[PDB]
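Structure first, then comments.
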Amino acid sequence: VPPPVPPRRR
Amino acid sequence: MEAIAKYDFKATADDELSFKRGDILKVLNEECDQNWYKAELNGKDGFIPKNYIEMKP
């Protein structure tokens, strides 16, 4: 079960 | 940087691109997000999460 992806908004 | 996918990832946006668990990527740029790398695959270039790959610069 791959990781929770980061929020792609700086 | 020799980028290597640890997991299978399907993009979430137009700026991002997909890779399958084990692709060899080419990191052309990184100068903003400490979460997204702009690498190369499949004749395209896009953002990929740093937690879905094992980095080896």
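To be explicit about the labels: the chains of the structure tokens are called A, B, and onward in the order shown, and within each one the residues are counted from 1, while ligands get numbers from 1 in the order they are shown.
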
Practice task
Pull out every residue of chain B sitting within 8 Å of chain A, counting only C-alpha atoms, and send them as an NGL selection string.
Solution key: :B and (7-8 or 33 or 35-36 or 49 or 51-52)

Exercise for the section: Please report, as a ChimeraX atom specification, each residue of segment 4-44 of chain B to which DSSP assigns strand (DSSP E or B) when run on this structure's backbone. Expected result: /B:4-5,9,16,19,24-29,36-41,44

Exercise for the section: Can you pull out every residue within 9 Å of residue 19 of chain B, counting only C-alpha atoms, but drop anything in the same chain fewer than 2 positions away, and send it as a ChimeraX atom specification? Expected result: /B:5,7-11,17,21-25,41-42,48

Exercise for the section: Grab the atom CA of residue 16 of chain B to atom CA of residue 31 of chain B distance for me, in Å with one decimal place. Expected result: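 Separating atom CA of residue 16 of chain B from atom CA of residue 31 of chain B is a distance of 15.9 Å.
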
Exercise for the section: Kindly give the distance, in Å, that separates atom CA of residue 13 of chain B and atom CA of residue 57 of chain B, rounded to a single decimal. Expected result: 25.4 Å

Problem - Neighbour list for residue 26 of chain B as a ChimeraX atom specification, cut-off 8 Å, only C-alpha atoms, skip fewer than 2 positions in-chain - result: /B:1-3,24,28,39-41

Selection from above, N, CA, C and O atoms, as a PDB file, in the first residue's frame, can you write it?
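For reference, result_23.pdb as written:
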```pdb
ATOM      1  N   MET B   1      19.674  13.462 -11.483  1.00  0.00           N
ATOM      2  CA  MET B   1      19.562  12.507 -10.386  1.00  0.00           C
ATOM      3  C   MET B   1      18.841  11.264 -10.921  1.00  0.00           C
ATOM      4  O   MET B   1      17.840  11.355 -11.625  1.00  0.00           O
ATOM      5  N   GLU B   2      19.438  10.103 -10.557  1.00  0.00           N
ATOM      6  CA  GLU B   2      18.838   8.829 -10.935  1.00  0.00           C
ATOM      7  C   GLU B   2      17.689   8.597  -9.939  1.00  0.00           C
ATOM      8  O   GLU B   2      17.879   8.353  -8.752  1.00  0.00           O
ATOM      9  N   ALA B   3      16.491   8.722 -10.529  1.00  0.00           N
ATOM     10  CA  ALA B   3      15.237   8.584  -9.824  1.00  0.00           C
ATOM     11  C   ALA B   3      14.696   7.181 -10.141  1.00  0.00           C
ATOM     12  O   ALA B   3      14.747   6.712 -11.270  1.00  0.00           O
ATOM     13  N   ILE B  24      12.788   4.036 -14.289  1.00  0.00           N
ATOM     14  CA  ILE B  24      14.014   4.816 -14.226  1.00  0.00           C
ATOM     15  C   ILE B  24      13.666   6.164 -14.888  1.00  0.00           C
ATOM     16  O   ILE B  24      13.350   6.268 -16.067  1.00  0.00           O
ATOM     17  N   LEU B  28      15.657  16.326 -14.015  1.00  0.00           N
ATOM     18  CA  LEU B  28      16.145  17.465 -14.761  1.00  0.00           C
ATOM     19  C   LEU B  28      16.122  18.742 -13.912  1.00  0.00           C
ATOM     20  O   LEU B  28      16.948  19.628 -14.091  1.00  0.00           O
ATOM     21  N   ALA B  39      10.969  15.275 -13.198  1.00  0.00           N
ATOM     22  CA  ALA B  39      11.814  14.291 -13.882  1.00  0.00           C
ATOM     23  C   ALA B  39      11.301  13.971 -15.292  1.00  0.00           C
ATOM     24  O   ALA B  39      10.377  14.613 -15.777  1.00  0.00           O
ATOM     25  N   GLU B  40      11.931  12.934 -15.898  1.00  0.00           N
ATOM     26  CA  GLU B  40      11.571  12.550 -17.260  1.00  0.00           C
ATOM     27  C   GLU B  40      11.334  11.035 -17.395  1.00  0.00           C
ATOM     28  O   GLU B  40      12.070  10.198 -16.889  1.00  0.00           O
ATOM     29  N   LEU B  41      10.248  10.797 -18.153  1.00  0.00           N
ATOM     30  CA  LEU B  41       9.750   9.486 -18.531  1.00  0.00           C
ATOM     31  C   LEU B  41       8.812   9.520 -19.710  1.00  0.00           C
ATOM     32  O   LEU B  41       7.942  10.371 -19.845  1.00  0.00           O
TER      33      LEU B  41
END
```

Exercise for the section: Could you tell me how far atom CA of residue 34 of chain B lies from atom CA of residue 20 of chain B, in Å and to one decimal? Expected result: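 So the answer is 21.3 Å.
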